[PDB]
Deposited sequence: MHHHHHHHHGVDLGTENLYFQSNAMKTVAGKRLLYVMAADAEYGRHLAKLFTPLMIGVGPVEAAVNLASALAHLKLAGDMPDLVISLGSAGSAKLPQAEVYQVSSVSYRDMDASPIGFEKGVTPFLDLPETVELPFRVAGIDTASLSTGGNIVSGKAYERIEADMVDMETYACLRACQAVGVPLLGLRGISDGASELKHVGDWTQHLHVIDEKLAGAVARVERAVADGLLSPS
């Protein structure tokens, strides 16, 4: 698309979202998201294509932000969290001798740390899978919260060398349309991230 890119303090940011349901009025003020589709395969295919188009066009983003909703039985409902680490729960190679969650012939740990921490936002570990998690298990999930996209976004970003930052509001898992609150709290978090970008969020030392 390339018209969906937002420039903040000389840096180019790309926001990606799964479905239009999560995209509300408050977020609409901040940016225009690339619609990434639903699930790990849709997310991986769509984002890898977009990033490949942008790279060969020299149009590459400095930061990709994956944001949307998530479920949790652990975390307070209707609160926004930044993703500290992500894992892929659909991946089990254990019958052949691999630790659960680890992908063969790929040097990555089972839990992949995301590079960034923005002040003023809670952190949470995330699990990505093609299933919507409900009721029990849950207790089969080690991560704090669950989504269908982020890990697929990560592998796409790592493939082209762009860093990734996640943001997730909790829409369910205590037992929906609460997205109105999710959209407002997510916009508040986005404001803090863009400020952090201006403050040098992308930089070593």
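Residues 1-20, 196-203 of the deposited sequence have no C-alpha coordinates in the structure.
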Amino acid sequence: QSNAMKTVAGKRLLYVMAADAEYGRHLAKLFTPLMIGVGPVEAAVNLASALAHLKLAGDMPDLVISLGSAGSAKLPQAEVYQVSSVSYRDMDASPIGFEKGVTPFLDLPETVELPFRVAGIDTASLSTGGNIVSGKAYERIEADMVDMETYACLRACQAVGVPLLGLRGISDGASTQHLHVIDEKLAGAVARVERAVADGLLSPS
From here on, numbers count along this sequence of modelled residues.
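Mean CA temperature factor is higher for 17-25 when stretches 191-199 and 17-25 are set side by side in the entry. Stretches 84-92 and 71-79 differ in mean CA B factor, with 71-79 having the higher one. Across the options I170, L47, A159, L56, the residue with the most elevated CA B-factor in the record is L56. Looking only at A52, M145, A152, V38, the residue with the top Cα B factor in the deposited structure is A52. When the modelled residues of the chain are ordered by their C-alpha B factor, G135 lands in the highest third. In the deposited entry, the Cα temperature factor of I65 sits in the bottom third of values across the chain's modelled residues. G97 sits in the highest third of its chain by CA B factor, as recorded in the PDB entry. In the deposited entry, the Cα temperature factor of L179 sits in the top third of values across the chain's modelled residues. In the deposited entry, the Cα temperature factor of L108 places it in the highest third of its chain's modelled residues.
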